[PDB]
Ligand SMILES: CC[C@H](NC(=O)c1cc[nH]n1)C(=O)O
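Below sits a lone chain in C-alpha coordinates, taken as the form deposited without this ligand.
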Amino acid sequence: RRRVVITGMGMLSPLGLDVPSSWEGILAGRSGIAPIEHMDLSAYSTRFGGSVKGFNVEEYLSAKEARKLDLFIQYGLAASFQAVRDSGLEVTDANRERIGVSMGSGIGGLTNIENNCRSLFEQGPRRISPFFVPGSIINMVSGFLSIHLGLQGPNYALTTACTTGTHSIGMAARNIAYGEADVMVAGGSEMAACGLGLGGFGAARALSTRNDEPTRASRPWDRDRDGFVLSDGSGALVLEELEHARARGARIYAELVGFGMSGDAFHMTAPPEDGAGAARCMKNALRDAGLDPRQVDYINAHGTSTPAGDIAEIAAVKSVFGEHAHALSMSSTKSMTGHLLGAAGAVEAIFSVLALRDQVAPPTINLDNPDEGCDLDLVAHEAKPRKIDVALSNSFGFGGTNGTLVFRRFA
(Lines give C-alpha, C1' and ligand atoms only; values in the text may rest on other atoms or scores of the structure.)
Protein backbone atom coordinates (compact mmCIF):
# COMPACT_ATOMS: atom_id res chain seq x y z
CA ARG A 1 0.00 0.00 0.00
CA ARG A 2 1.53 3.23 -1.28
CA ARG A 3 0.96 6.66 0.29
CA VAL A 4 -1.44 9.10 -1.32
CA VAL A 5 -1.11 12.89 -1.24
CA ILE A 6 -3.11 15.85 -2.46
CA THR A 7 -1.33 18.02 -5.04
CA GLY A 8 -4.09 20.07 -6.67
CA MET A 9 -7.59 21.28 -5.89
CA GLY A 10 -10.45 22.96 -7.75
CA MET A 11 -14.03 24.21 -6.97
CA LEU A 12 -17.17 26.06 -7.86
CA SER A 13 -19.29 26.90 -4.81
CA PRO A 14 -21.88 29.29 -3.51
CA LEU A 15 -19.03 31.33 -2.00
CA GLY A 16 -16.77 31.64 -5.02
CA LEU A 17 -15.75 30.51 -8.49
CA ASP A 18 -12.43 28.90 -7.26
CA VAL A 19 -10.88 27.52 -4.12
CA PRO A 20 -9.15 30.67 -2.61
CA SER A 21 -12.25 32.88 -3.10
CA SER A 22 -14.48 30.16 -1.54
CA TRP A 23 -12.12 29.60 1.38
CA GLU A 24 -11.87 33.40 2.08
CA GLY A 25 -15.71 33.43 2.42
CA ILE A 26 -15.53 30.33 4.68
CA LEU A 27 -13.03 31.88 7.09
CA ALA A 28 -15.01 35.22 7.21
CA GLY A 29 -18.24 33.32 8.08
CA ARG A 30 -19.93 34.54 4.93
CA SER A 31 -23.18 32.96 3.75
CA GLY A 32 -23.51 31.87 0.13
CA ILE A 33 -27.24 31.38 0.33
CA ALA A 34 -29.72 33.73 -1.38
CA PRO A 35 -32.97 33.86 -3.19
CA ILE A 36 -32.60 31.92 -6.47
CA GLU A 37 -32.57 34.20 -9.53
CA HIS A 38 -31.95 31.72 -12.33
CA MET A 39 -35.65 30.55 -12.37
CA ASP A 40 -39.03 31.67 -11.11
CA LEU A 41 -39.82 29.92 -7.76
CA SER A 42 -42.79 32.13 -6.80
CA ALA A 43 -44.96 28.95 -6.93
CA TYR A 44 -42.66 27.03 -4.53
CA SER A 45 -42.30 26.48 -0.82
CA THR A 46 -38.48 26.98 -0.79
CA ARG A 47 -37.30 29.85 -2.99
CA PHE A 48 -33.66 30.16 -2.05
CA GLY A 49 -30.51 28.10 -2.08
CA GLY A 50 -26.77 28.07 -2.74
CA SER A 51 -26.23 29.02 -6.43
CA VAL A 52 -22.93 29.29 -8.36
CA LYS A 53 -22.88 33.01 -9.23
CA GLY A 54 -21.37 34.40 -12.45
CA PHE A 55 -19.91 31.06 -13.81
CA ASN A 56 -18.44 31.48 -17.33
CA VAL A 57 -18.05 28.01 -18.94
CA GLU A 58 -16.08 29.74 -21.79
CA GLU A 59 -13.15 30.02 -19.37
CA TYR A 60 -12.96 26.17 -19.64
CA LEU A 61 -14.55 25.02 -22.95
CA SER A 62 -15.45 26.21 -26.43
CA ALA A 63 -19.05 27.27 -27.09
CA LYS A 64 -19.34 24.14 -29.35
CA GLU A 65 -18.19 21.74 -26.49
CA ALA A 66 -20.26 23.44 -23.77
CA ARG A 67 -23.70 23.58 -25.46
CA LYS A 68 -23.99 19.74 -25.35
CA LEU A 69 -23.48 19.55 -21.56
CA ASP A 70 -25.76 19.80 -18.52
CA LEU A 71 -24.59 22.34 -15.94
CA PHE A 72 -23.56 19.55 -13.51
CA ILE A 73 -21.06 18.36 -16.12
CA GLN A 74 -19.91 21.88 -16.87
CA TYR A 75 -19.33 22.43 -13.15
CA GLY A 76 -17.45 19.06 -12.67
CA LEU A 77 -15.20 19.88 -15.61
CA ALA A 78 -14.48 23.38 -14.27
CA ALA A 79 -13.40 22.04 -10.91
CA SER A 80 -11.39 19.30 -12.60
CA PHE A 81 -9.51 21.61 -14.94
CA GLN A 82 -8.68 23.97 -12.00
CA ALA A 83 -7.35 21.02 -9.95
CA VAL A 84 -5.11 19.78 -12.83
CA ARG A 85 -3.76 23.29 -13.40
CA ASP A 86 -3.17 23.69 -9.64
CA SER A 87 -1.28 20.40 -9.50
CA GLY A 88 1.17 21.42 -12.21
CA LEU A 89 1.20 17.83 -13.57
CA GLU A 90 2.11 17.37 -17.19
CA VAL A 91 0.13 14.68 -18.98
CA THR A 92 2.19 12.70 -21.53
CA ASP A 93 2.19 9.46 -23.49
CA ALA A 94 4.44 8.14 -20.78
CA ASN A 95 2.02 8.67 -17.89
CA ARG A 96 -1.49 8.90 -19.36
CA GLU A 97 -2.31 5.21 -18.72
CA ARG A 98 -1.59 5.78 -15.03
CA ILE A 99 -3.95 8.83 -14.55
CA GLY A 100 -7.62 8.10 -13.95
CA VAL A 101 -10.88 9.82 -13.01
CA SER A 102 -13.68 9.36 -10.52
CA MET A 103 -16.11 12.25 -10.52
CA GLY A 104 -19.56 11.61 -9.19
CA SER A 105 -23.00 13.13 -8.81
CA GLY A 106 -25.99 12.60 -6.59
CA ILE A 107 -28.76 13.33 -9.13
CA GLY A 108 -26.98 14.39 -12.30
CA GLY A 109 -28.57 16.22 -15.22
CA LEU A 110 -31.94 17.00 -13.80
CA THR A 111 -32.24 20.29 -15.68
CA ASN A 112 -31.62 18.71 -19.06
CA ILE A 113 -33.99 15.85 -18.09
CA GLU A 114 -36.79 18.30 -17.26
CA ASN A 115 -36.29 20.30 -20.46
CA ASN A 116 -36.22 17.20 -22.69
CA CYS A 117 -39.36 15.88 -20.95
CA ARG A 118 -41.12 19.15 -21.89
CA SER A 119 -40.14 18.59 -25.52
CA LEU A 120 -41.37 14.99 -25.27
CA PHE A 121 -44.78 15.77 -23.82
CA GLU A 122 -45.53 18.96 -25.77
CA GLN A 123 -44.09 17.99 -29.15
CA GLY A 124 -43.04 14.31 -29.37
CA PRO A 125 -39.95 12.08 -28.99
CA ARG A 126 -38.10 13.33 -32.11
CA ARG A 127 -37.82 16.79 -30.41
CA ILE A 128 -35.53 15.35 -27.74
CA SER A 129 -31.99 16.65 -28.13
CA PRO A 130 -29.56 14.26 -29.85
CA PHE A 131 -27.13 15.24 -27.03
CA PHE A 132 -29.63 14.46 -24.24
CA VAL A 133 -28.22 11.16 -23.16
CA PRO A 134 -24.46 11.81 -23.36
CA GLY A 135 -24.83 15.33 -21.95
CA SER A 136 -26.89 14.18 -18.98
CA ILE A 137 -25.89 10.74 -17.65
CA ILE A 138 -23.70 10.78 -14.53
CA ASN A 139 -20.62 9.00 -15.80
CA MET A 140 -20.06 11.62 -18.50
CA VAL A 141 -18.10 13.86 -16.13
CA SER A 142 -15.45 11.23 -15.88
CA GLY A 143 -16.01 10.43 -19.61
CA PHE A 144 -15.62 13.96 -20.90
CA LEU A 145 -12.69 14.78 -18.53
CA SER A 146 -10.82 11.67 -19.74
CA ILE A 147 -11.48 12.56 -23.44
CA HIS A 148 -10.49 16.26 -22.94
CA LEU A 149 -7.22 15.52 -21.09
CA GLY A 150 -6.38 12.09 -22.65
CA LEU A 151 -6.56 10.28 -19.27
CA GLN A 152 -6.49 6.51 -19.74
CA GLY A 153 -6.48 5.08 -16.25
CA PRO A 154 -9.41 3.80 -14.14
CA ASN A 155 -12.57 5.63 -15.19
CA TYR A 156 -15.77 5.43 -13.14
CA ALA A 157 -18.38 7.45 -11.27
CA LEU A 158 -20.08 7.11 -7.83
CA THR A 159 -23.63 8.11 -7.05
CA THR A 160 -24.30 7.98 -3.24
CA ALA A 161 -26.31 11.06 -2.59
CA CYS A 162 -24.65 13.22 0.17
CA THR A 163 -21.68 10.79 0.39
CA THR A 164 -20.79 10.87 -3.33
CA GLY A 165 -17.77 13.18 -3.13
CA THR A 166 -16.39 11.34 -0.09
CA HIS A 167 -16.65 7.90 -1.59
CA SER A 168 -15.26 9.18 -4.93
CA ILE A 169 -12.09 10.55 -3.21
CA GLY A 170 -11.69 7.52 -0.90
CA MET A 171 -12.03 4.93 -3.65
CA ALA A 172 -9.72 6.87 -5.98
CA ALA A 173 -7.14 6.82 -3.18
CA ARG A 174 -7.56 3.07 -2.96
CA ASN A 175 -6.84 2.84 -6.75
CA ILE A 176 -3.53 4.56 -6.11
CA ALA A 177 -2.71 2.60 -2.93
CA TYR A 178 -3.47 -0.74 -4.83
CA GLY A 179 -1.26 0.34 -7.85
CA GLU A 180 -4.13 0.64 -10.40
CA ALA A 181 -3.13 4.27 -10.98
CA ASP A 182 -0.55 6.80 -9.94
CA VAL A 183 -2.81 9.84 -10.18
CA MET A 184 -6.61 10.23 -9.91
CA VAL A 185 -8.81 13.31 -10.42
CA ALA A 186 -11.63 12.75 -7.91
CA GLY A 187 -14.63 14.49 -6.45
CA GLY A 188 -18.19 15.38 -7.42
CA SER A 189 -20.58 17.93 -8.91
CA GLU A 190 -24.28 18.85 -8.71
CA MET A 191 -26.80 21.24 -10.16
CA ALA A 192 -30.21 20.04 -8.85
CA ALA A 193 -31.81 23.55 -8.63
CA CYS A 194 -34.55 23.10 -11.18
CA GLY A 195 -38.25 22.73 -10.68
CA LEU A 196 -38.05 18.92 -10.35
CA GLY A 197 -35.24 19.27 -7.75
CA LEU A 198 -36.61 21.95 -5.44
CA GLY A 199 -40.10 20.51 -6.05
CA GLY A 200 -38.99 16.96 -5.31
CA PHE A 201 -37.09 17.79 -2.14
CA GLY A 202 -39.89 20.09 -1.03
CA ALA A 203 -42.43 17.28 -1.47
CA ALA A 204 -40.24 15.07 0.73
CA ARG A 205 -40.19 17.94 3.29
CA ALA A 206 -36.37 17.80 3.28
CA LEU A 207 -35.66 21.55 2.81
CA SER A 208 -35.70 24.54 5.12
CA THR A 209 -38.55 26.91 4.29
CA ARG A 210 -36.99 30.01 5.97
CA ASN A 211 -37.71 32.13 2.91
CA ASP A 212 -37.70 35.38 4.89
CA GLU A 213 -34.10 35.07 6.01
CA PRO A 214 -32.16 32.74 3.67
CA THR A 215 -28.74 33.32 5.21
CA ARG A 216 -30.08 32.16 8.61
CA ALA A 217 -31.67 29.00 7.13
CA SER A 218 -28.77 26.57 7.43
CA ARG A 219 -28.15 26.28 11.16
CA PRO A 220 -26.53 22.88 12.06
CA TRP A 221 -27.15 21.73 15.73
CA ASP A 222 -29.30 24.89 16.37
CA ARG A 223 -32.56 24.23 18.17
CA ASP A 224 -34.55 26.07 15.41
CA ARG A 225 -33.19 24.16 12.32
CA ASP A 226 -35.87 23.03 9.90
CA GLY A 227 -34.14 21.20 7.06
CA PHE A 228 -31.19 21.46 4.71
CA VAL A 229 -30.49 24.14 2.07
CA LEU A 230 -30.00 22.93 -1.51
CA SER A 231 -26.79 24.09 -3.12
CA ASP A 232 -24.91 23.75 -6.39
CA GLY A 233 -21.28 23.47 -7.46
CA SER A 234 -18.31 21.09 -7.71
CA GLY A 235 -15.09 20.02 -6.17
CA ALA A 236 -12.11 18.07 -7.48
CA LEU A 237 -8.79 16.89 -6.06
CA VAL A 238 -5.70 15.64 -7.75
CA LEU A 239 -4.67 12.60 -5.75
CA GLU A 240 -1.12 11.36 -6.32
CA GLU A 241 1.22 8.58 -5.25
CA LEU A 242 3.85 10.02 -2.92
CA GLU A 243 7.03 8.98 -4.81
CA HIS A 244 5.49 10.21 -8.07
CA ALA A 245 4.67 13.67 -6.52
CA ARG A 246 8.20 13.89 -5.02
CA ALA A 247 10.00 12.94 -8.26
CA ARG A 248 8.42 15.84 -10.09
CA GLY A 249 8.80 18.35 -7.23
CA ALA A 250 5.03 18.71 -6.74
CA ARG A 251 3.67 20.98 -3.99
CA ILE A 252 1.98 18.68 -1.49
CA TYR A 253 -0.99 20.20 0.44
CA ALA A 254 -1.62 17.19 2.73
CA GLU A 255 -1.73 13.36 2.92
CA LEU A 256 -4.87 11.23 2.67
CA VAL A 257 -4.28 8.58 5.32
CA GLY A 258 -7.63 6.94 5.90
CA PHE A 259 -11.00 6.16 4.43
CA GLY A 260 -13.94 4.39 6.18
CA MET A 261 -17.49 3.33 5.20
CA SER A 262 -20.61 1.83 6.81
CA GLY A 263 -24.36 1.51 6.36
CA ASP A 264 -26.85 2.40 9.14
CA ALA A 265 -29.37 -0.13 7.76
CA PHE A 266 -31.99 1.83 9.73
CA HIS A 267 -34.20 4.30 7.68
CA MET A 268 -34.44 5.99 4.24
CA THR A 269 -33.55 9.49 5.55
CA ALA A 270 -33.15 9.77 9.32
CA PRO A 271 -30.23 8.14 11.04
CA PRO A 272 -30.65 6.44 14.42
CA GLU A 273 -30.50 8.90 17.32
CA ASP A 274 -27.34 7.31 18.73
CA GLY A 275 -25.44 7.63 15.40
CA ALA A 276 -24.26 4.04 15.64
CA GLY A 277 -23.50 3.74 11.93
CA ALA A 278 -21.64 7.04 11.85
CA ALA A 279 -19.52 5.88 14.83
CA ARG A 280 -18.55 2.62 13.06
CA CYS A 281 -17.67 4.60 9.95
CA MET A 282 -15.38 7.05 11.84
CA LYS A 283 -13.66 4.18 13.68
CA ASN A 284 -13.15 2.35 10.42
CA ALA A 285 -11.53 5.44 8.93
CA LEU A 286 -9.29 6.07 12.00
CA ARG A 287 -8.18 2.45 12.05
CA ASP A 288 -7.41 2.52 8.26
CA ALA A 289 -5.24 5.62 9.08
CA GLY A 290 -3.48 3.92 12.03
CA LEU A 291 -4.55 6.77 14.23
CA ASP A 292 -5.94 6.89 17.84
CA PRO A 293 -9.06 9.12 18.33
CA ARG A 294 -6.87 11.45 20.53
CA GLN A 295 -4.84 12.32 17.45
CA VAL A 296 -7.84 14.04 15.75
CA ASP A 297 -7.85 17.94 15.95
CA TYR A 298 -10.62 18.95 13.45
CA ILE A 299 -13.82 17.34 12.03
CA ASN A 300 -15.64 18.83 9.10
CA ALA A 301 -19.08 17.45 9.93
CA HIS A 302 -21.85 16.22 7.68
CA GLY A 303 -24.17 18.55 9.62
CA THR A 304 -26.88 19.36 7.09
CA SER A 305 -29.20 21.29 9.52
CA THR A 306 -31.81 18.53 9.92
CA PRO A 307 -33.37 17.47 13.22
CA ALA A 308 -32.34 13.80 13.40
CA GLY A 309 -29.29 13.97 11.33
CA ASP A 310 -27.42 16.66 13.22
CA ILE A 311 -27.88 15.09 16.73
CA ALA A 312 -26.88 11.62 15.59
CA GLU A 313 -23.44 13.05 14.64
CA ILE A 314 -22.96 14.61 18.08
CA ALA A 315 -23.81 11.16 19.63
CA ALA A 316 -21.42 9.42 17.24
CA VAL A 317 -18.52 11.84 17.98
CA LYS A 318 -19.02 11.35 21.75
CA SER A 319 -19.06 7.50 21.30
CA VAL A 320 -15.92 7.42 19.23
CA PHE A 321 -13.82 10.06 20.97
CA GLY A 322 -14.87 9.77 24.69
CA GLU A 323 -13.49 12.70 26.74
CA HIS A 324 -11.43 13.72 23.73
CA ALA A 325 -14.70 14.75 22.07
CA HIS A 326 -14.39 17.92 24.16
CA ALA A 327 -10.79 18.72 22.99
CA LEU A 328 -11.21 18.47 19.16
CA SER A 329 -13.06 21.15 17.14
CA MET A 330 -16.01 20.12 14.85
CA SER A 331 -17.80 22.43 12.43
CA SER A 332 -20.33 22.30 9.65
CA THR A 333 -19.35 24.44 6.72
CA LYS A 334 -22.84 23.70 5.32
CA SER A 335 -23.85 26.57 7.65
CA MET A 336 -22.48 28.81 4.96
CA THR A 337 -22.45 26.82 1.77
CA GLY A 338 -25.65 24.76 2.19
CA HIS A 339 -25.73 21.09 1.10
CA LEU A 340 -24.09 20.55 -2.34
CA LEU A 341 -25.31 16.90 -2.30
CA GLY A 342 -22.94 14.95 -4.61
CA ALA A 343 -20.37 17.80 -4.44
CA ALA A 344 -20.61 18.23 -0.63
CA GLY A 345 -17.89 15.67 0.26
CA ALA A 346 -15.61 17.08 -2.49
CA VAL A 347 -15.72 20.73 -1.37
CA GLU A 348 -15.61 19.67 2.26
CA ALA A 349 -12.48 17.48 1.69
CA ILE A 350 -10.95 20.64 0.19
CA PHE A 351 -11.94 22.71 3.28
CA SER A 352 -10.37 20.01 5.48
CA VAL A 353 -7.06 20.13 3.64
CA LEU A 354 -7.11 23.94 3.86
CA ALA A 355 -7.82 23.78 7.66
CA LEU A 356 -4.54 21.77 7.74
CA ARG A 357 -2.65 24.24 5.57
CA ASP A 358 -3.79 27.36 7.47
CA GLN A 359 -4.15 25.89 11.03
CA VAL A 360 -7.72 27.12 11.51
CA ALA A 361 -11.07 25.56 12.12
CA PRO A 362 -13.83 27.10 10.00
CA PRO A 363 -16.96 28.28 11.88
CA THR A 364 -20.45 26.85 12.20
CA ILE A 365 -22.43 30.06 11.53
CA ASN A 366 -25.95 30.56 12.89
CA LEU A 367 -25.33 28.33 15.93
CA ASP A 368 -27.25 30.70 18.22
CA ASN A 369 -28.90 28.20 20.55
CA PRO A 370 -27.29 24.68 20.48
CA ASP A 371 -29.84 21.91 20.97
CA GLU A 372 -29.95 19.38 23.85
CA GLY A 373 -26.57 17.61 24.12
CA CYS A 374 -24.86 19.80 21.46
CA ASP A 375 -22.16 20.94 23.92
CA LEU A 376 -18.95 20.24 22.03
CA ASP A 377 -16.66 22.86 20.45
CA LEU A 378 -18.72 23.33 17.31
CA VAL A 379 -16.69 26.47 16.37
CA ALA A 380 -19.87 28.59 16.70
CA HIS A 381 -19.96 31.88 14.80
CA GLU A 382 -16.32 32.60 14.00
CA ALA A 383 -13.16 30.85 12.77
CA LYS A 384 -10.78 29.38 15.35
CA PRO A 385 -7.00 29.37 14.77
CA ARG A 386 -5.68 26.23 16.53
CA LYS A 387 -3.25 23.35 16.08
CA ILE A 388 -4.59 20.83 13.48
CA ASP A 389 -2.47 17.89 12.53
CA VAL A 390 -5.33 15.53 11.57
CA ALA A 391 -8.67 16.52 10.01
CA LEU A 392 -11.72 14.25 9.32
CA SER A 393 -14.50 14.89 6.83
CA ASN A 394 -17.76 13.01 7.42
CA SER A 395 -20.65 12.34 5.02
CA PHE A 396 -23.73 10.52 6.44
CA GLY A 397 -26.08 10.40 3.56
CA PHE A 398 -29.52 9.47 2.29
CA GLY A 399 -30.23 5.71 2.79
CA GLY A 400 -27.81 5.54 5.71
CA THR A 401 -24.74 5.56 3.46
CA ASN A 402 -21.71 6.74 5.43
CA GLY A 403 -18.19 7.69 4.51
CA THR A 404 -15.33 9.32 6.35
CA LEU A 405 -11.99 10.69 5.09
CA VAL A 406 -8.89 11.28 7.21
CA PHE A 407 -6.26 13.83 6.09
CA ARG A 408 -2.98 14.64 7.94
CA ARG A 409 -0.29 17.36 7.61
CA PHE A 410 2.39 15.89 5.33
CA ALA A 411 5.65 14.59 6.81
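The first residue of the sequence shown is number 1, and the count goes up from there.
What comes next is about the form deposited with this ligand bound, which is not displayed.
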Quiz prompt | Open or blocked, once this ligand is placed by superposing site C-alphas in the entry with it bound (3+ ligand atoms within 2.4 Å of backbone or C-beta means blocked) | solution = open
Quiz item: in the entry with it bound, which of 265-273, 67-75, 116-124, 248-256 comes within 4.5 Å of this ligand (heavy atoms)?
Solution: 265-273
Quiz item: Given that this ligand is left out here, which of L286, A312, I99, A157 has a heavy atom within 4.5 Å of it in the entry with it bound?
Solution: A312
Self-check item: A217, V296, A278, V238 - the one with a heavy atom within 4.5 Å of this ligand in the entry with it bound
Solution: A278
Practice problem: Answer with yes or no whether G397 is in contact with this ligand in the entry with it bound, where contact means some heavy atom within 4.5 Å. | Solution: yes
